[PDB]
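Novice: Sequence and experimental coordinates follow.
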2 protein chains.
Amino acid sequence: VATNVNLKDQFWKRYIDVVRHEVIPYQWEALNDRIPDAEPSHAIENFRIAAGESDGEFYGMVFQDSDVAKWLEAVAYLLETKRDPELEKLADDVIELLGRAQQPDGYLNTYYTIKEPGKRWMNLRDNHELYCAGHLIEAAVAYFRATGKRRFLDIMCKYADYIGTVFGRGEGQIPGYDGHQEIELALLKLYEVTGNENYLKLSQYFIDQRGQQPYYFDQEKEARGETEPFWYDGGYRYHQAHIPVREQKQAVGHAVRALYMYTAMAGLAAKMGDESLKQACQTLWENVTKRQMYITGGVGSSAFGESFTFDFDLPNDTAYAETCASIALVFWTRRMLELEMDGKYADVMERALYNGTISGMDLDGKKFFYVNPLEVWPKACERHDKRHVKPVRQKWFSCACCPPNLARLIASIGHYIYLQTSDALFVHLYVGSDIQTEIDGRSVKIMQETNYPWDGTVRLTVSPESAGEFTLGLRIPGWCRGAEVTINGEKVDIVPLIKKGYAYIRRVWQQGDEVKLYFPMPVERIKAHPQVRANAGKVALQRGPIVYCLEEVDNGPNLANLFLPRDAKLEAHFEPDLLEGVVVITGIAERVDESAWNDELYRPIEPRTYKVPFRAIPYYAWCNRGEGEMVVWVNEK
Amino acid sequence: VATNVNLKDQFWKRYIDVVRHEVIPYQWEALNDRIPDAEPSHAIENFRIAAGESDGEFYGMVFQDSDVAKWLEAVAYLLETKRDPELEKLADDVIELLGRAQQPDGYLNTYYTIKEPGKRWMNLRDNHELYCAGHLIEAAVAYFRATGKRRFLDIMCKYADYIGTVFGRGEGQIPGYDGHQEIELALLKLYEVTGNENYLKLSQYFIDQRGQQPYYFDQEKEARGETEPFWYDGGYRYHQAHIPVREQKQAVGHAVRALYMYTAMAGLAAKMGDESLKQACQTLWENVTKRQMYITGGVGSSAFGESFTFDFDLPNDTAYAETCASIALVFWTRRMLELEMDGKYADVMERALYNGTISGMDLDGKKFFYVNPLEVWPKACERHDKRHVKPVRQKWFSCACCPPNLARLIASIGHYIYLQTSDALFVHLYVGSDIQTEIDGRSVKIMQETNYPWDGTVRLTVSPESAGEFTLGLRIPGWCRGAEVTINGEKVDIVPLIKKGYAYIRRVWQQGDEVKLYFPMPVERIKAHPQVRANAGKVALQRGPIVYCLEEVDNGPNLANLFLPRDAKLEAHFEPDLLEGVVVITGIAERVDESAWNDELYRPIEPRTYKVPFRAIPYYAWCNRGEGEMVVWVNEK
């Protein structure tokens, strides 16, 4: 493949700069208990103790080891854009410490090495051993791809090989699997970087075993003398272990869990060319993205179990839409594109990336949300049914969806832009960047320049070492109508070339060939399916891939009583000095007069209305200018 | 002195017969553990054991004793409108049982007699001792007024005197009060029937002491050795015991508790001539009824704590609106009227009486709601944050709230229709009835005939034994746009006679004088104050005092996808055989056609709508024709 991708834009480059200079350095301090304000992490200390370099007790959540891995993974990806010896040094040191904390059989887990040794693999449902293992594997694979150093990969292959001995359907093995999926998608990347088929088979095994009767979680449960019912009403639906994955057609249960599982299913369907996995992914995909996904790319409608509920139940004010769930959605869409090239997967990838993902952090990377609501009345957040919604971003405990999660996605943004297949180069995302690659063994550089998401002109430059025929696959964004393409100033009728949202342009390509794409970005009035009861009579503003919202700081309070008339004229313009440089939308809305109301609650008096201008900003950029109300779905006319 | 009201109705007399033939007999069977499927009550049996007439253990909730009291109270009121020697013989036996279960000092509490003897008064925050005493006192007063038999009253006077020695300021007294208000209003009635002012001062003491520092509940807490913090995050706001009642300006906490407290407060303001309590009551009245009350007369917007939240937070789908809280609202308004004669108090009484109280039962009286929601999507009742909303009514085994609570209010409805002062007969409610009473000495009979609430025409016949001058005060309903009055066919100019929602008609009345009242009853479109976020862009249908709703059985599924145009062609007509004979509202609405989505979730389309006829029925009558969607607040076009 011999591929390499560099970022050359403003929008994502700023985010990476923030991850590099703010988020990773701060997270490193917290992981090392050097922040006197903060609640202690003990994440690195747990490994020192496990390694025999420090006395003390284990401290933290059962999956504390995964914090370190995700930090290491983000650091690996940062090392790809800017090679940075101080960083590479701390990471190498953490890796060596990890090597020393690893047992000779390969097992690497601090909670069981320090606090409950010999009780390992006895609570797969709850204690995240395989989940921590998986995040560790992902970190080593990325660290290898980034630096070429294989120490971390050797450490993790040993753990994988040991896990491969323990788990299975053969003699003396445990027919088990994790309560929290992750090892399956991690095993795939280990396979993809080692060539070792055993890791493919192990991933296949964990997926194939899930949900099989009699339920492995009932068996380990009983063996622990435990009789209390599982707290989630839906039972093993919470872990998507209720039935085998090939029979799962409805998204249920914990959202991050489901999406980690579907990501793995999709990668396995591709590797095996297995239709049953592929069709289960496709059906689950339709269910999620056409019935249980917010307009922000948010997923998970219920604070209880941080879960999916059922089709069309997408309340805006009690939404959960965990940042990590949106991240997991990105992971899934990328594997879906490798399994079948359909623009709709990249559409959703882009929806999550420019909305319900980076909304999880302040512009300057200093604070974060766990929960990403589509409507906030800060006062109402004292209600019990909304206490999961924090009206301003904050610093976070060993919560579960720690900031290194968003960090590793942002720092790896470049890996999601293009896909190289032998015949065809696919462009998924419209991002100032280049890629040096091989097509037909032909060395080729492709370059994109664009101010997207703020404008829909993309100039692609295609420079092959020597002229040659190959295919350029350009995603046609599903939000756009009327995409246009020119090649060297010549119009190209793309309508006969599009297959499932990509335009296949196969020709002889020469040094300097220029492809201009134009995606008109009008302000759009988005309407939800009438079955989405929460949005009856409501409209959302969107421009390009970016969903807009109204905040109190620009529009005043009581946003429920700002109405957007159907043929108000709407205007967009760039504001270089607002929220790091955003396009804003403005127009004339209507408010309901309150003054005629005379200390009365209910009256037969039809509303008197008055014009006010409104300003809408990008959903991701909300809550950077003080606490206040915010809405995405606005009342119409 | 002697005052008699008999219902001559169809509307309320049908509820009374349901209460007499279905509810009270069934509840007797359940209280007596004679129902083979039902969860045993053991409420009577606890008294048999405490009386030494049976061996066994206490069973039930800590307030189980008040279940018996509430049944006896309802029974007292039934005996007023129809004496039944069998029912009465039953009540007398139960009464003597209470007599024999009572401790020698007057304490009557089964839990603290058979399960924890000697440990009484140790947990006033939780154990409902004074609450059960208050309910027993109310049953005794009621039973005496109804039968003349003083026995139950002697028993409870003895308990009441005992309570007077235990609680107060000074040595050998506990400076305490109940976690669940009730004893305070009950003691007012005991005073009213006995003239013993110690009962009045005891009520005052309990009200005056509440919320003083250091917190009484903190002291008994420390003596119990308990240290983990109270479950409700608002602490003693739940009990309205966070600050003295005279400094309470907003309704907070558990709604029934709040309203039982405000009722006593209003009673004491009148009986002591206490301006500070009168003011406090008025302030709280305005807060509840202008900012924290549903259009149905429901109060209580959060299932967590069954509590008030804050101003203008009135969600329809997650409403609590506990039946017993609207009931309590009725008790409060009746006391508010004895304190300040203003039609607003009776307006709210009527609101709660014709909507959110009787909505708590099936029309045939066999099933009940605890929670009275304003919007139901049955599938969404599976969400954790809506699991308190049952989409059909049912039998209720443990309670706290319901059936004898509703029964006692329905059975005593005649007591809310009129108020007799020295000078003046006030007509609060337009109910087919007659009242024989004494005005400025004279024997006077007044007869009301009307089809209210279905029609706004009323005829009052005034038949004093001999002719005489007195004032007839007639409530002008706040929902009406004008009233017309004639006396013996001649017109009365009433505008000069109206003071605070009552028309004062003072003249010499003669036998057979005929007052005719006309209240126009158009179909009204009701708007909520703009600060009520939940109802931005929605409208509710009302006719007279009755609030209307749309049900799936008449209108099809997806009631959120129903829009009511500016001219919706609203008609009303009587359906004599539907839901016990009701007026239905009909009209034209619009629905969005789903097909333009092509199964997509979010699209920039101009939706095609289509016209449908709709039918609305009284809220109270919803859920008598099968499970389905229901909405009160409908989307406006």
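Specialist: Looks like it came in fine. Residues are numbered from 1 along each chain as shown, chains lettered A, B, ... in the order given.

Novice: Stretch A:602-619 vs chain B: in contact?
Specialist: Yes. Using C-beta under 8 Å from any C-beta of the partner chain, stretch A:602-619 reaches chain B at A:602-607. From N, CA and C alone the C-beta is placed, and that goes for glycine too.

Novice: Would you mind checking which of those is nearest to residue B:44?
Specialist: Nearest to residue B:44 among the residues of stretch A:602-619 next to chain B, counting by C-beta to C-beta, is residue A:602 at 43.9 Å.

Novice: That closest one: neighbour count?
Specialist: By the measure other C-beta atoms under 10 Å in any protein chain shown, the count of residues near residue A:602 is 22.

Novice: In contact with it, which residues are there?
Specialist: Applying C-beta atoms under 8 Å, 6 or more residues apart in numbering or on different chains, we find residue A:602 in contact with B:295, B:526-529, B:540.

Novice: ok, now residue A:53?
Specialist: Listed by C-beta under 8 Å, 6+ apart, the contact partners of residue A:53 are A:97, A:100.

Novice: got it, and the one 4 residues further on?
Specialist: Taking C-beta under 8 Å, 6+ apart as the definition of contact, the neighbours of residue A:57 are A:49, A:114-115.

Novice: same check, this time on residue A:255
Specialist: Neighbour list for residue A:255: A:299-300, A:306-308, A:320, A:322, A:325, A:328 [criterion: C-beta under 8 Å, 6+ apart].

Novice: picking that back up, possible to save the contacts of residue A:602 as TSV with distance to chain A, neighbour count and secondary structure?
Specialist: TSV is the format used below for the contacts of residue A:602 (distance: C-beta to the nearest C-beta, whole Å; neighbours: other C-beta atoms under 10 Å in any protein chain shown; DSSP: H, G, I helix; E, B strand; the rest coil):
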residue	distance to chain A	neighbour count	secondary structure
B:295	5	23	coil
B:526	5	21	strand
B:527	6	24	strand
B:528	6	23	strand
B:529	5	20	coil
B:540	8	26	strand
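
Novice: how many other residues sit next to the nearest residue to residue A:501 once chain neighbours are set aside?
Specialist: Nearest in space to residue A:501, with sequence neighbours left out and distances taken as C-beta to C-beta, 6 or more residues apart in numbering or on different chains, is residue A:343 at 1.9 Å. Using other C-beta under 10 Å, residue A:343 is surrounded by 21 other residues.

Novice: so residue A:343 sits right up against residue A:476, yeah?
Specialist: Yes. Using C-beta atoms under 8 Å, residue A:343 and residue A:476 qualify as a contacting pair, with a distance of 5.7 Å.

Novice: Overlap in contacts, the two.
Specialist: With the criterion set as C-beta under 8 Å, 6+ apart, the overlap between the contacts of residue A:343 and residue A:476 is A:501-502.

Novice: returning to that earlier point: which single one of the contacts of residue A:57 is nearest to chain B?
Specialist: If you rank those by distance to chain B using C-beta to the nearest C-beta, residue A:115 comes first, at 25.5 Å.

Novice: what sits against the residue nearest to the closest one when sequence neighbours are not counted?
Specialist: Closest residue to residue A:115 apart from its sequence neighbours, by C-beta to C-beta, 6+ apart: residue A:58 at 4.1 Å. Listed by C-beta under 8 Å, 6+ apart, the contact partners of residue A:58 are A:42, A:46, A:49, A:110-111, A:114-115.

Novice: Could you report the separation of the residue nearest to residue A:501 from residue A:521?
Specialist: In this structure, residue A:343 and residue A:521 are 17 Å apart, going by C-beta to C-beta, to the nearest Å.

Novice: about what we covered before: out of the contacts of residue A:602, which two sit at the greatest distance?
Specialist: Checked with C-beta to C-beta, these reach their widest spread between B:529 and B:540, with 12.5 Å between them.

Novice: And the helices in the stretch 101-250 of chain A?
Specialist: Counting by DSSP state H, counting those that start in this stretch, residue ranges of the helices within the stretch 101-250 of chain A are A:110, A:129-147, A:151-166, A:183-194, A:197-209, A:216-223.

Novice: before we move on, what about the stretch 451-600 of chain A?
Specialist: Assigned by DSSP H, counting those that start in this stretch, the helices in the stretch 451-600 of chain A fall at A:552-555.

Novice: how about the residues of it near chain B?
Specialist: Remark: the part of the stretch 451-600 of chain A in contact with chain B comprises A:524-533, A:536-537, A:540, A:542, A:558, A:560-561, A:563, A:566, A:592-594, A:597, A:599-600, using C-beta under 8 Å from any C-beta.

Novice: The same query, at a cut-off of 6 Å, please.
Specialist: A:524-530, A:533, A:536-537, A:560-561, A:592, A:594, A:597 (C-beta under 6 Å from any C-beta of the partner chain).

Novice: and the residue of the stretch 351-500 of chain A at minimum distance from chain B, how many residues sit next to it?
Specialist: Taking C-beta to the nearest C-beta as the measure, the point where the stretch 351-500 of chain A comes nearest chain B is residue A:384, at 3.5 Å. Residue A:384 has 17 neighbours, counted by other C-beta under 10 Å.

Novice: Cheers, nothing more for now.
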